[PDB]
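Below: the structure, in structure tokens.
When reading the values below, keep in mind they use all heavy atoms of this one structure, side chains included, and skip hydrogens, waters and symmetry mates. By convention here, the first residue in the shown sequence is residue 1. In each ligand, atom 1 is the first atom listed, and ligand 1 is the first ligand listed.
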Amino acid sequence: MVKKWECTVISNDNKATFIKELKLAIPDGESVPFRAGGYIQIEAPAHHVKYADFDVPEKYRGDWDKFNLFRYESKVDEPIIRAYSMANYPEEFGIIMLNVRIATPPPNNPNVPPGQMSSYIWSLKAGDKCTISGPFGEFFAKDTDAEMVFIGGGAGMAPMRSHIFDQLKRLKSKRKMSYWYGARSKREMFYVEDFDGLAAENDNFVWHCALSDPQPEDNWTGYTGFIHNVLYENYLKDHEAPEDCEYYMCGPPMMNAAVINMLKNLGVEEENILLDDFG
Ligand SMILES: Cc1cc2nc3c(=O)[nH]c(=O)nc-3n(C[C@H](O)[C@H](O)[C@H](O)COP(=O)(O)OP(=O)(O)OC[C@H]3O[C@@H](n4cnc5c(N)ncnc54)[C@H](O)[C@@H]3O)c2cc1C
Ligand SMILES: NC(=O)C1=CN([C@@H]2O[C@H](COP(=O)(O)OP(=O)(O)OC[C@H]3O[C@@H](n4cnc5c(N)ncnc54)[C@H](O)[C@@H]3O)[C@@H](O)[C@H]2O)C=CC1
Ligand SMILES: NC(=O)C1=CN([C@@H]2O[C@H](COP(=O)(O)OP(=O)(O)OC[C@H]3O[C@@H](n4cnc5c(N)ncnc54)[C@H](O)[C@@H]3O)[C@@H](O)[C@H]2O)C=CC1
Ligand code: NA
Ligand code: NA
């Protein structure tokens with residue numbers, strides 16, 4: 001049942017301004033027996049970390065400097081635990097990959113404490129230990145032949161990647177599949193080579209990214225605006241049977257609400273709407 005692993009951090013690089021990909025090596029090269037969409041728990045001891053010690057690459061530091069985010073510190077005097085979704089799929093053996101947003105204090109409340117566990121995770125470097133437990137889960141794919149529409153935003157990426165690779169690689173699915181991902185700007189995109197490669201290799205999979213706040217330096221000529229509107233205008237509006245698809249979503253609360261509203265207005269039933277709310 002519930003097992004615990006004292007893992008070793010392989011890498012903990014930024015994938016976006018405010019997202020790190022934590023890669024963990026499982027002891028003895030064993031694999032966590034998880035399902036795509038599932039999660040583990042990370043636990044951490046009492047500790048004290050400083051944002052100034054974070055490894056944030058130059059290309060991502062712009063908004064860190066703009067909003068003086070390196071000011072922050074997190075002192076935690078009790079053990080803590082949190083859930084994080086796997087970004088790897090089950091046959092990426094011997095590892096656990098996470099996509100962790102740094103939960104800074106809100107702008108209108110800049111002096112409340114920073115997020116406890118995400119600050120701790122962003123402190124980790126290669127060779128550090130990280131204890132996880134699980135696996136757990138409920139955000140699982142349905143076992144049908146229905147067309148799948150995956151809708152991700154921001155820091156909701158991880159279960160989308162896990163799901164999509166699980167279908168196309170482990171299950172060798174022939175189901176029609178698409179992924180619609182909303183990012184603020186081009187530097188906030190990630191897993192581009194992974195999804196481009198899957199799309200190129202699988203005639204039943206395509207993906208699209210929309211930028212809601214494209215930046216002058218992005219030279220962006222792709223889709224813009226909120227991902228739900230892009231998905232509607234460029235695919236679902238013309239679809240002959242949107243109610244016949246299964247929708248799997250993980251994104252900001254406002255994205256989830258806009259998506260659900262749009263789908264219900266197309267006649268999609270709740271049975272066909274699955275989402276993972278991180279709380
Ligand atoms: C099943 C599941 C899967 C998940 N998967 C992911 C995932 O893939 N990636 C991911 O990034 N997260 C994921 N989460 C969320 C994750 O578990 C944490 O909730 C998240 O990392 C924030 O926790 P934290 O300890 O860093 O912040 P907390 O310490 O819980 O704080 C949250 C926020 O509250 C703010 N805050 C603190 N005090 C105050 C105050 N007085 N007034 C106002 N605001 C205040 C903090 O600054 C911070 O912004 C998942 C959650 C679940 C349940
Ligand atoms: N940890 C995170 O996920 C953070 C995300 N951001 C996001 O970056 C974008 C910044 O937009 P820009 O066009 O560059 O500038 P801007 O000044 O126009 O940003 C607009 C909003 O950024 C918000 N913001 C969110 N987190 C903030 C933080 N920690 N400190 C200060 N302001 C914060 C403020 O409410 C402001 O209203 C916003 O989308 C903001 O939400 C910014 C800071 C941290
Ligand atoms: N599954 C969950 O519960 C998740 C929750 N979040 C939370 O959502 C907030 C924003 O997270 P970020 O990763 O910085 O996202 P973000 O601010 O970078 O937004 C990501 C994408 O979401 C869509 N979106 C954002 N605001 C929207 C709105 N008002 N209407 C419609 N679509 C919108 C856009 O397509 C945007 O590109 C944070 O508080 C984060 O904790 C984020 C991701 C997943
Ligand atoms: Na990026
Ligand atoms: Na394709």
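- A donor and an acceptor atom, one from each side chain of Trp207 and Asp196, are located under 3.5 Å apart.
- In this structure, the side chains of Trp122 and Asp55 stay at 4.5 Å or more apart for every pair of heavy atoms.
- Proximity of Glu188 to ligand 3, defined as any heavy-atom pair under 4.0 Å, is not found for any part of the residue.
- Of all protein heavy atoms, the one closest to atom 15 (O) of ligand 3 is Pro252 CG, 3.4 Å.
- Ring geometry, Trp180 versus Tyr235: the interplanar angle falls under 30°, so the pair is classed parallel (tilted spans 30 to 60°).
- The part of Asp63 lying near ligand 2 is the side chain, judged by heavy-atom distances below 4.0 Å.
- Contacts of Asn108 with ligand 2, taken as heavy-atom pairs under 4.0 Å, are absent altogether.
- At least one side-chain heavy atom of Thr144 sits less than 4.5 Å from a side-chain heavy atom of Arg175.
- The 12-atom threshold is exceeded at NZ of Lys142, counting heavy atoms of other residues, nucleotides or ligands nearer than 6.0 Å.
- Between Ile227 and ligand 3, at least one N/O pair is under 3.5 Å apart.
- Among protein heavy atoms, the minimum distance from atom 24 (N) of ligand 2 is reached at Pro107 CG, 3.4 Å.
- When only interatomic distances are considered, the shortest N/O to N/O separation between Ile102 and ligand 2 falls below 3.5 Å.
- Residue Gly154 places no N or O, backbone or side chain, under 3.5 Å from any N or O of ligand 3.
- The shortest N/O to N/O separation between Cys250 and ligand 3 does not fall below 3.5 Å.
- A heavy-atom distance below 4.5 Å is not found between the side chains of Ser162 and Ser85.
- Close contacts of ligand 3 with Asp277, meaning ligand atoms under 4.0 Å from a residue heavy atom, involve 3 (O).
- Annotation for ligand 2: atoms under 4.0 Å from non-hydrogen atoms of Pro105 are 29 (N).
- Residue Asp276 touches ligand 3 through its backbone alone, judged by heavy-atom distances below 4.0 Å.
- Residue contacts with ligand 3, taken as heavy atom pairs separated by less than 4.0 Å, involve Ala183 solely via the backbone atoms N, CA, C and O.
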